[PDB]
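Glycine gets a Cβ as well: all are built from the backbone with ideal geometry, and neighbour counts include every protein chain shown. Read-outs throughout are calculated quantities, based only on the coordinates presented, and are distinct from any laboratory measurement.
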Amino acid sequence: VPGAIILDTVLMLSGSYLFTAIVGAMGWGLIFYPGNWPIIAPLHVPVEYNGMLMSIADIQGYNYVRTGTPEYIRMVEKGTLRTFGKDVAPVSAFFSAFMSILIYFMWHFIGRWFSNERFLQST
Amino acid sequence: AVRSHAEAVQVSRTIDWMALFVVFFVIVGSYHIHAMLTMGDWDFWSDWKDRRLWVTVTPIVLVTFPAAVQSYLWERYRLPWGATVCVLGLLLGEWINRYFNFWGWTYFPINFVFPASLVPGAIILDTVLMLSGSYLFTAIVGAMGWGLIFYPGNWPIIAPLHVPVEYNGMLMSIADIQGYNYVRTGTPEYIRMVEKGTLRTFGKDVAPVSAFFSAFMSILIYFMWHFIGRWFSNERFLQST
Amino acid sequence: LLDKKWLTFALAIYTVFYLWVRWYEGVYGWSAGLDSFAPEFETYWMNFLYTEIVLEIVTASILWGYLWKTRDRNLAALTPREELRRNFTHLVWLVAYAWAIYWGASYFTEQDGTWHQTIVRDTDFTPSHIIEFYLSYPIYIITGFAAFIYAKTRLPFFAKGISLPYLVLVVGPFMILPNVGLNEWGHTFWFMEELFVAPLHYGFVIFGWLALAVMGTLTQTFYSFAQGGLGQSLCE
Amino acid sequence: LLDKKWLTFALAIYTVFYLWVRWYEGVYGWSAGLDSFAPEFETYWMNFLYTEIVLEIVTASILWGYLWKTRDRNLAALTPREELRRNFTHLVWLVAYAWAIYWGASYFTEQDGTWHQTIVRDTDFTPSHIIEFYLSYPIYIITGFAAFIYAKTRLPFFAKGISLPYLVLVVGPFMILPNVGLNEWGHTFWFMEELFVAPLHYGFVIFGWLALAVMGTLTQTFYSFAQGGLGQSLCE
Amino acid sequence: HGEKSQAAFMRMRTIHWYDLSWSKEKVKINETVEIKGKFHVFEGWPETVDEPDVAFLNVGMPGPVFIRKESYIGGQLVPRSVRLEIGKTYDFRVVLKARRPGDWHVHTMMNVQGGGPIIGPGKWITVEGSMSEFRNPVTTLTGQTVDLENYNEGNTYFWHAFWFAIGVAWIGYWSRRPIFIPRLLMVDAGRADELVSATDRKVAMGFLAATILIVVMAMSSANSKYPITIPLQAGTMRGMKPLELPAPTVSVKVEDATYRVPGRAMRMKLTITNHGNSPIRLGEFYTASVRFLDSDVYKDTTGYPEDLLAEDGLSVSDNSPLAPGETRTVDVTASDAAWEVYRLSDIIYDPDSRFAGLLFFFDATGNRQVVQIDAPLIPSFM
Amino acid sequence: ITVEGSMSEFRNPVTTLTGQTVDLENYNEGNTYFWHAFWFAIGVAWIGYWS
Amino acid sequence: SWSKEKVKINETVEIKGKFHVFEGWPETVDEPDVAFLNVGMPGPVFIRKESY
Ligand SMILES: CCCCCCCCCCCC(=O)OC[C@H](COP(=O)(O)OCC[N+](C)(C)C)OC(=O)CCCCCCCCCCC
Ligand SMILES: CCCCCCCCCCCC(=O)OC[C@H](COP(=O)(O)OCC[N+](C)(C)C)OC(=O)CCCCCCCCCCC
Ligand SMILES: CCCCCCCCCCCC(=O)OC[C@H](COP(=O)(O)OCC[N+](C)(C)C)OC(=O)CCCCCCCCCCC
Ligand SMILES: CCCCCCCCCCCC(=O)OC[C@H](COP(=O)(O)OCC[N+](C)(C)C)OC(=O)CCCCCCCCCCC
Ligand SMILES: CCCCCCCCCCCC(=O)OC[C@H](COP(=O)(O)OCC[N+](C)(C)C)OC(=O)CCCCCCCCCCC
Ligand SMILES: CCCCCCCCCCCC(=O)OC[C@H](COP(=O)(O)OCC[N+](C)(C)C)OC(=O)CCCCCCCCCCC
Ligand SMILES: CCCCCCCCCCCC(=O)OC[C@H](COP(=O)(O)OCC[N+](C)(C)C)OC(=O)CCCCCCCCCCC
Ligand SMILES: CCCCCCCCCCCC(=O)OC[C@H](COP(=O)(O)OCC[N+](C)(C)C)OC(=O)CCCCCCCCCCC
Ligand SMILES: CCCCCCCCCC(=O)OC[C@H](COP(=O)(O)OCC[N+](C)(C)C)OC(=O)CCCCCCCCC
Ligand SMILES: CCCCCCCCCC(=O)OC[C@H](COP(=O)(O)OCC[N+](C)(C)C)OC(=O)CCCCCCCCC
Ligand SMILES: CCCCCCCCCC(=O)OC[C@H](COP(=O)(O)OCC[N+](C)(C)C)OC(=O)CCCCCCCCC
Ligand SMILES: CCCCCCCCCC(=O)OC[C@H](COP(=O)(O)OCC[N+](C)(C)C)OC(=O)CCCCCCCCC
Ligand SMILES: CCCCCC(=O)OC[C@H](COP(=O)(O)OCC[N+](C)(C)C)OC(=O)CCCCC
Ligand SMILES: CCCCCC(=O)OC[C@H](COP(=O)(O)OCC[N+](C)(C)C)OC(=O)CCCCC
Ligand SMILES: CCCCCC(=O)OC[C@H](COP(=O)(O)OCC[N+](C)(C)C)OC(=O)CCCCC
Ligand SMILES: CCCCCC(=O)OC[C@H](COP(=O)(O)OCC[N+](C)(C)C)OC(=O)CCCCC
Ligand SMILES: CCCCCCCCCC
Ligand SMILES: CCCCCCCCCC
Ligand SMILES: [Cl-]
Ligand SMILES: [Cl-]
Ligand SMILES: [Cu+2]
Ligand SMILES: [Cu+2]
Ligand SMILES: [Cu+2]
Ligand SMILES: [Cu+2]
Ligand SMILES: [Cu+2]
């Protein structure tokens, strides 16, 4: 919701589609994780689970068995050798904020084409 | 208003110098960013200047800017030096960074971090354009020349760095020893995208085949970037962003 | 009078400021600049980021604001002679933008083509970035916008409708800064090496192509230059 | 009279039928629905496919046929008042199409976002498919075409030339069904897991984008609505 | 310098460096410093990194302050990338020649094809003298001795300046006439065909012919001089001889490991079984470039870096000599300011709270045994 | 395998390192619902305002 | 070893021997995880009856 609101406000407020694509897209990308933090926060409490350190969400996934969804399919942060300090969430957020600019720019014209009102007279 | 014809000429001259400066430095900045992020790695290191990968990819990714700038300058002013000015700007920026940064900030030798020569290709691209106005001809022929003359144009420079040396029981070239010596902490030996030899490498055809492959690819890149430069040369107005 | 000595200053400030910038990073590369967790790094490189980020935002607001405030309301009643002067001033602005473009998109960026090729990425805010991404890029982005705003508020014919080429030549290059998120996300995540030709980089390449709209901008500026005082001389 | 109570029924049938569909699959998921080679699976899920495939083909022929048979031959001689009524009926048809779209492209498809996440694909004709691919998709495809045919045969201005947006909003979403061949071929072949974001799936995504032509369809319908009885009121 | 920022768990479980030794601490210009030691590839390789199928033995330093004279994995020179086997132990030797005066932090790192740089311990080495005194002589197979500091420099400059000159001349030639506005108007207002007329075409043909002829003649001249050339030598080197270490006689089982958040200490409970026939004792615990030592058992004499060395950072609840065959469980606490200085307590932020390290057990006679421990590392807050 | 009883009797207790014992069957459920309902409400208000 | 040097039509010739995979496998080639024992000849002049 927060991202949608920002995207709309920055559009009404500041009519230019260019501004909205650059700013509202920045806001949409950046506010995603902070907007969901109140919800997933409680599921990130560390737990001592049979000698291994697991979060509440990890224990939930371990417990409630997903027969078609094995643990390895989980595309999640695993940590690399080029992960300096605590910048996983901000960098990813910023990367998503930038990508969303381009996606908004392309889908503006996509929606323009979908909003065309032409007639054919023969399919 | 202007005043007289004399002032007009002078004012026109002044504008020329200023416009040239704007075009030259904007191209240098953009071209450099494009060139260094698509072929920079090979243009950084003599032990990277190989016969397959460097000769293949450098002309292909380096004809982009010259094609667009030619498609604009020739069409709008009959000025046949778009490719030459692009190449000279890229060389100037690269040399500036090679001397003040690579040999300035850090202490990497110039004979190790020298850039590649691209003047001959630029010249051919411009001449074959002025000579033979058709953009189609230039894209097919001048691109052939640009791709083919790259390695022979740089051979006088990298030749001396290819002398075999007995280095601690192993055979290494001068460029290989330079790369082995001057340590690049962020650039390990395995990252070097260079000719390693396959099972389908018949005789001595690595340099010519790669050169010919680059000559062909450059045709397509020039053809696409001609229209890219046309679009960038559009003069429309919006009235609302 | 026409073209004054404002162009001299334009080329001077950038050169002078950028000359000292190289001297700074040149004196603070190794030692209290290498280790990103040292206490001396927060005093010589962390402070730089902060300081430069505030000044950039402040200057931008002032520059752009002042330029948009003194915008000519009566463009219709503008003498050809005066228009010519304004065209020369806009050409000086374009020269300053070209100089800043070169410094930010060529020097400091290739100045970086070196730092990495010598040291291991300690953090997302290394010395070269505290110079390239967050100083030179905002500086040219500021100059770019300024030039665009000036042309749309002063000179006649460049207003009454945003120029496509001009907008693309001012926003195209301005998109590189945000793409910094990309290559960072590239480094931090996909790619554990130092290859300069990796994809998490074509982002600068894609928006570096948009700087080729300078050709349309310059022909549009020529047409504007050849409005009243286009002759004669020209075709005469 | 104008907009009647046909819209109420339109929303009712889909809801009611789809409500029982969930009840069926809800009572026949596990046991004679899990094992695809059991004799009870051919009596509770195999029969469903067959039965639903015949009824869909039959109803389509009848619905589309009847709609095309009673097509207005004298559209020229149509009173504005009557036209308005027909426009409201077409809007009811569009509401029914939107309801069916949601049920087939949102519920049963995400209802599936669950079955797989719980059980291993036994065959290409699992319970959820006997509901999603071969029942809800044909139902909305039928409604879609019906709405399109009705607009081109009744209301004036929507005829005499196939509406691009309308055609794209009726065929775009209709292409998802056949793409079922793709993801199946995806599953059966390339991809041994259960990832929902795999490529052998972007096929639904590509043709799910074509449902955005509903905007052009709705503005075209608005223009048609504002033909004779567009005012006034509107801009007055 | 580049570490402390990488994930603590991955730094702990990748490559363990031990037996490190530096020949000199202060060197003159052109003097040689040799770095030796052993590195062990951890069996529990992090799944996020590719296996060291293609690895390069690099050196961590700020630019080319030291030139890598020689580098060896085992006993054979390795100028190219090499293949390392997970679980194997190799001995390395790097020879560096001083080039730039100053104080530098030299690290013995390893670069994996797709897993980032694995930086090892770094030692401060002081270089005295002047950079102008540095020489890098090298004899070629053609029978000529050339310096690598300025070889081909002159030739490189000449050719580049020569071409840049040609390009400037070309642009300059057309730059003599008015450039932008009159030509644009001429091209616009009516047909062009006046801005480009002979002898302009003749000049362009001369330029093209001269460029082609110069390129061909320069290639021919560079083929006569230096008639013997070889392509760039590259390729991953296989068959890396690993160390033939004897099977450890001491078995260690890690039964839970905890560290305080916040804190500078790591605590673990170990059940040590002493096989063979000799009283052993735990004297060291190496986790990630940090050596926790028990001063009552072992003392460091190899000049290990002070910031990475804990002289009495290893505390054992019962460090009495362990009789052969006897098995006992003890509590081991590794506490040093280096566990926070090198962000070793930042493993809680990592998505994999597991550690790996080496335990060094020494007997009365002085001979030591190397055993490896790996277990989940559980943070403690209350 | 046959299971007898009622689903309402199922308990999934788990003790965290923070010193608190929570059930995994309904932990954070209330909080999850609140936040989602709160945002959905905001969105409806926005659209409602213009609606 | 080759069983015969000159053969008639429909006659059989058997080629035997040993091959050793070099430990220092060139990094440019993939490891023989998937290998096929083929025969080098100009077209189908000899039909591969059996291969072991
Ligand atoms: C009023 C205006 C002035 C405000 C200026 C803001 C100051 C900057 C604060 C830095 C945050 C910090 O402190 O560090 C960064 C923290 C790391 O956290 P760490 O692990 O503790 O690093 C400690 C290391 N130090 C001590 C040296 C900091 O996250 C990040 O890497 C964020 C990475 C984001 C990169 C993508 C940015 C793209 C920008 C796009 C342009 C639109
Ligand atoms: C119009 C735009 C509105 C944007 C509103 C942003 C709200 C601020 C959120 C604070 C972030 C934080 O607190 O730190 C970063 C955390 C990540 O933390 P973590 O790795 O999960 O650590 C877990 C432990 N926690 C719970 C303490 C975190 O969240 C993020 O990654 C989102 C980063 C986006 C912030 C970018 C803002 C920079 C200004 C934008 C400039 C152009
Ligand atoms: C006046 C016009 C007549 C001139 C005609 C030219 C004669 C051809 C000379 C052959 C060179 C040679 O001699 O061999 C080729 C040398 C190999 O060298 P090698 O290892 O010694 O091979 C010895 C084997 N032999 C003894 C049988 C030769 O390099 C090459 O494979 C070049 C490969 C280029 C392939 C791509 C070509 C694409 C063409 C694009 C079309 C525009
Ligand atoms: C207008 C277009 C102008 C083109 C000018 C070309 C100059 C000729 C260079 C000689 C090449 C050579 O001598 O042999 C090939 C060498 C490669 O040698 P190497 O593998 O490095 O061996 C190292 C030992 N050396 C030093 C003896 C070489 O160079 C090249 O790979 C470039 C091959 C491109 C030549 C294509 C020309 C064919 C005619 C074009 C037809 C449409
Ligand atoms: C268009 C928008 C442009 C705005 C961007 C401006 C960014 C400012 C840079 C922040 C500096 C910093 O990083 O910190 C500020 C540093 C902190 O360094 P220190 O360790 O105290 O060393 C002592 C500082 N000396 C070593 C430089 C003496 O001290 C300073 O104040 C002095 C820096 C002044 C630089 C101005 C000289 C330029 C020459 C004339 C051209 C105007
Ligand atoms: C609407 C269209 C928008 C789509 C764009 C969304 C971003 C895609 C995110 C990929 C995540 C994923 O899919 O998976 C993540 C995979 C998993 O690989 P791994 O096993 O961790 O490999 C380990 C190797 N490391 C350790 C180096 C990670 O990492 C990748 O290979 C990342 C592939 C790059 C994709 C991003 C390209 C962006 C293009 C930028 C050019 C301008
Ligand atoms: C626009 C084109 C739409 C056409 C699509 C229609 C597909 C029909 C579905 C096939 C059913 C099947 O799968 O089989 C038919 C099943 C076989 O199941 P059974 O094991 O005998 O259980 C006994 C059947 N009970 C368990 C349902 C009783 O029995 C039936 O006949 C009864 C199904 C009637 C469903 C109609 C109720 C809808 C509520 C009112 C809304 C009209
Ligand atoms: C004119 C343009 C039309 C071209 C389209 C033709 C279809 C291509 C068929 C590929 C067969 C092939 O080329 O090879 C088949 C390869 C061989 O891999 P394997 O060794 O069996 O891997 C084993 C892994 N399994 C066990 C999972 C298979 O399987 C593949 O990787 C399939 C790659 C997917 C290609 C299809 C993408 C379709 C795009 C749909 C988006 C709308
Ligand atoms: C050079 C780039 C710097 C950023 C400027 C980009 C904005 C350009 C948008 C544009 O084209 O103009 C649309 C409106 C026009 O409304 P106006 O009638 O000009 O209103 C002026 C009074 N106002 C300051 C309260 C706005 O004006 C606006 O869009 C709003 C102007 C106020 C700026 C803050 C709005 C954005 C809020 C996030
Ligand atoms: C997945 C990609 C999205 C699909 C969007 C592509 C639409 C392409 C536009 C198009 O279909 O052109 C129609 C022409 C036939 O023209 P006519 O029938 O003569 O119509 C006259 C007016 N018109 C020429 C402007 C159309 O060309 C034809 O031959 C008729 C073909 C019409 C097919 C369009 C239906 C698309 C549904 C998926
Ligand atoms: C069928 C394809 C075979 C190749 C021909 C492609 C060239 C077509 C280019 C074209 O469209 O014409 C542009 C000019 C027109 O100039 P003209 O006024 O026709 O000059 C004729 C006298 N001339 C022979 C010296 C040129 O004429 C020229 O471009 C130059 C013509 C001379 C050929 C050699 C020029 C290229 C040098 C590398
Ligand atoms: C990376 C790809 C390169 C970017 C090049 C894409 C440019 C696309 C052309 C474009 O922007 O169209 C503008 C129209 C708005 O039209 P209007 O503002 O009504 O202008 C009237 C004249 N015109 C319709 C021909 C423009 O559409 C709009 O809604 C306004 C959006 C303008 C954004 C263009 C700025 C691009 C900067 C990156
Ligand atoms: C067109 C771009 C010019 C870039 C020149 C540059 O980076 O200069 C820095 C470099 C630094 O080397 P050096 O001159 O020896 O002075 C060293 C001072 N630090 C280390 C602070 C750079 O050399 C100069 O200062 C020469 C002045 C050129 C004026 C256009
Ligand atoms: C316009 C050409 C883009 C080609 C992309 C490319 O070269 O990617 C190489 C990379 C292969 O990875 P690799 O080079 O092996 O990376 C080695 C280093 N790690 C494993 C850390 C990433 O492939 C991908 O991961 C997908 C790229 C998607 C592009 C839109
Ligand atoms: C807008 C879509 C509404 C979808 C509601 C749905 O799937 O309902 C089935 C579910 C089934 O759960 P329950 O009500 O407990 O009844 C179980 C009966 N079966 C197992 C057959 C579904 O709950 C209801 O039937 C509530 C009625 C809502 C009317 C809009
Ligand atoms: C618009 C983005 C499309 C990117 C495609 C993609 O993610 O493919 C992943 C897959 C890599 O396979 P992987 O994820 O390792 O699959 C693991 C499961 N198996 C081995 C059974 C397929 O690559 C391919 O096989 C080529 C895809 C062609 C797209 C037109
Ligand atoms: C990738 C986005 C392209 C959208 C196509 C829009 C075409 C509009 C033509 C009227
Ligand atoms: C891939 C090259 C496409 C270039 C686009 C040019 C469009 C011109 C329209 C006027
Ligand atoms: Cl970069
Ligand atoms: Cl699906
Ligand atoms: Cu950098
Ligand atoms: Cu399914
Ligand atoms: Cu260091
Ligand atoms: Cu180990
Ligand atoms: Cu062998």
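Residue of D with Cβ nearest the axis relating D to C, plus distance in whole Å?
D:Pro199, 11
Rounded to the nearest 10 degrees, what's the angle between the helix C:46-69 long axis and the longest principal axis of chain C, both from Cα atoms, 0 to 90?
The angle comes out at about 10 degrees.
Note the angle between two axes, namely the Cα long axis of helix C:214-225 and the longest principal axis of the Cα atoms of chain C, as a number of degrees from 0 to 90, rounded to the nearest 10.
30 degrees
With angles folded into 0 to 90 degrees, how steeply does helix F:29-50 sit against the dominant principal axis of chain F? Use alpha carbons for both and round to 10.
Here the helix axis deviates by roughly 10 degrees.
Where in chain E are the helices, taken as whole DSSP H runs, whose Cα atoms extend 30 angstrom or more along the long axis and whose Kyte-Doolittle mean reaches at least -1.0? Display every interim value, and only then the final one.
Values: long enough: E:153-175 (32 Å, 0.34); E:200-224 (36 Å, 1.11).
Membrane-span-like by this criterion, though nothing is claimed about a membrane: E:153-175, E:200-224.
Setting aside same-chain residues fewer than 8 positions from E:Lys28, which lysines have a Cα under 18 Å from its Cα?
E:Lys69, E:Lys97, E:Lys123
Using only alpha carbon pairs under 8 Å that are at least six residues apart, calculate the relative contact order of the stretch A:1-119 and give it in whole percent. Intermediate values should be presented prior to the final figure.
Details: 79 pairs, mean separation 38.0, N = 119.
Reported as a whole number, the value is 32 percent.
Could you line up C:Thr8, D:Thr143 from fewest to most neighbouring Cβ atoms inside 10 Å? Mind showing how you got there, number by number?
Working: C:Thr8 10, D:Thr143 23.
The order, fewest Cβ neighbours first, is C:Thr8, D:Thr143.
Give the shape of chain C as rounded, prolate or oblate, defined through the alpha-carbon gyration tensor: a ≥ b ≥ c are the square roots of its eigenvalues, a/c under 1.5 means rounded, and otherwise the shape is prolate if a/b is larger than b/c and oblate if not.
Values: a/c = 2.56, a/b = 2.04, b/c = 1.25.
Prolate is the answer for chain C, as a/c is 1.5 or above and a/b outweighs b/c.
Return E:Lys24, D:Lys5 ranked ascending by Cβ neighbour count within 10 Å, so the fewest neighbours appear first.
On the way: E:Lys24 15, D:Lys5 8.
With the fewest neighbours first, E:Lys24, D:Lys5 line up as D:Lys5, E:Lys24.
Relative contact order, percent, of chain C when contacts are C-alpha pairs under 8 Å separated by at least 6 residues? Mind showing how you got there, number by number?
Details: 209 pairs, mean separation 58.1, N = 236.
RCO, chain C: 25 percent.
Sorted from shortest, what are the nm distances separating the label point of D:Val58 from equivalent points in the other copies, each placed 7 Å from Cα along Cα to C-beta?
D:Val58 label point versus its equivalents elsewhere: 8.1 nm.
Can you flag which of B:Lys196/E:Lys4; A:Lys86/E:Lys38; B:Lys49/E:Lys225; C:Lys5/C:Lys160 are past 26 Å Cα-Cα?
Values: B:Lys196/E:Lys4 35 Å; A:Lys86/E:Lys38 32 Å; B:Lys49/E:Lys225 20 Å; C:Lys5/C:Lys160 29 Å.
Table pairs above 26 Å Cα-Cα are B:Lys196/E:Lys4; A:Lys86/E:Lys38; C:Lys5/C:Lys160.
Based on the alpha-carbon gyration tensor of the protein assembly as shown and its eigenvalue square roots a ≥ b ≥ c, which shape applies: rounded if a/c is under 1.5, prolate if not and a/b is larger than b/c, or oblate? Don't skip to the end; give the middle numbers.
Details: a/c = 1.58, a/b = 1.07, b/c = 1.48.
In terms of gyration-tensor shape, oblate.
List the chymotrypsin sites (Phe, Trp or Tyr not before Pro) within the stretch D:50-126 that DSSP assigns to loop and that have no more than 12 neighbouring Cβ atoms inside 10 Å.
On the way: sites: D:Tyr50, D:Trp64, D:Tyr66, D:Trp68, D:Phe88, D:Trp93, D:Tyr97, D:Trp99, D:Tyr102, D:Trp103, D:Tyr107, D:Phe108, D:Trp115, D:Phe125; in loops: D:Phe125.
Counting only loop positions with at most 12 other Cβ atoms within 10 Å, none of the chymotrypsin sites (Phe, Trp or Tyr not before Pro) in the stretch D:50-126 qualifies.
Identify, among E:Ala204, E:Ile118, E:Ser130, the residue whose Cα sits farthest towards the positive end of the charge dipole of chain E, taking +1 on the Cβ of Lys and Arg and -1 on the Cβ of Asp and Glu, with the dipole about the Cα centre.
E:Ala204
Out of the GluC sites (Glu not before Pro) in the stretch G:11-48, which ones are loop residues according to DSSP with at most 14 other C-beta atoms within 10 Å?
Details: sites: G:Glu11, G:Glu14, G:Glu23, G:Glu27; in loops: G:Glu11, G:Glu14, G:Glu23, G:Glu27.
Hits after loop and neighbour filter: G:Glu11, G:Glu14, G:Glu23.
Can you pull the one-decimal nm distance between simple spin-label points at E:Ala364 and A:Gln121, each 7 Å off the Cα toward Cβ?
Roughly 10.9 nm, to one decimal.
Distance from the Cα centre of the stretch B:165-192 to that of the stretch G:1-36, in angstrom?
For the stretch B:165-192 versus the stretch G:1-36, the Cα centre distance is 37 Å.
Only counting other Cβ atoms within 10 Å, I'd like C:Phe207, C:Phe148, G:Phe46 sorted with the fewest neighbours first.
Details: C:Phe207 22, C:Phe148 25, G:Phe46 13.
With the fewest neighbours first, C:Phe207, C:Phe148, G:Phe46 line up as G:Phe46, C:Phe207, C:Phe148.
How large is the dipole of the stretch D:1-147 about the Cα centre if only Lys and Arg carry +1 and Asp and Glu carry -1, each at its Cβ, rounded to the nearest 20 debye?
Numbers: 10 positive and 15 negative charges, 214 e Å.
Around 1020 debye, computed over the stretch D:1-147.
For the stretch E:49-76 and the stretch B:69-145, compute the distance between their C-alpha centroids and round to whole Å.
Here the two parts' Cα centres lie 36 Å apart.
Would you work out if the stretch E:61-128 is rounded, prolate or oblate? Take a ≥ b ≥ c from the square roots of the eigenvalues of the alpha-carbon gyration tensor; rounded if a/c is under 1.5, else prolate when a/b is larger than b/c, oblate otherwise.
It comes out prolate by the Cα gyration axes.
What trypsin sites (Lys or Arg not before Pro) in the stretch B:104-210 are in a loop by DSSP, with at most 10 other Cβ atoms within 10 Å of the Cβ? All intermediate terms of the calculation are to be shown ahead of the outcome.
Values: sites: B:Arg184, B:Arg192, B:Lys196, B:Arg200, B:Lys204; in loops: B:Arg184, B:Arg192, B:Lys196, B:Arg200, B:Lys204.
Within the stretch B:104-210, the qualifying trypsin sites (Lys or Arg not before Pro) (loop, at most 10 other Cβ atoms within 10 Å) are B:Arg200, B:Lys204.
Taking C:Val27 in one copy and the same position in all the others, each labelled 7 Å out along Cα→Cβ, what are the pairwise distances from the first, in nm, shortest first?
Shortest to longest, the spacings are 8.6 nm.
What dipole magnitude, in Debye to the nearest 20, does the protein assembly as shown give about its Cα centre under +1 on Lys/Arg Cβ and -1 on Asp/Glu Cβ?
Values: 96 positive and 118 negative charges, 1027 e Å.
Roughly 4940 debye for the protein assembly as shown.
Whole angstrom only: what separates the Cα centroid of the stretch E:272-343 from the Cα centroid of the stretch D:58-109?
Comparing the Cα centres of the stretch E:272-343 and the stretch D:58-109, I get a distance of 83 Å.
So the label point sits 7 Å from Cα along the Cα-to-Cβ vector; using that for D:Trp209, what distances do you get to the other copies, in nanometres, sorted shortest first?
Sorted ascending, the copy-to-copy spacings read 1.8 nm.
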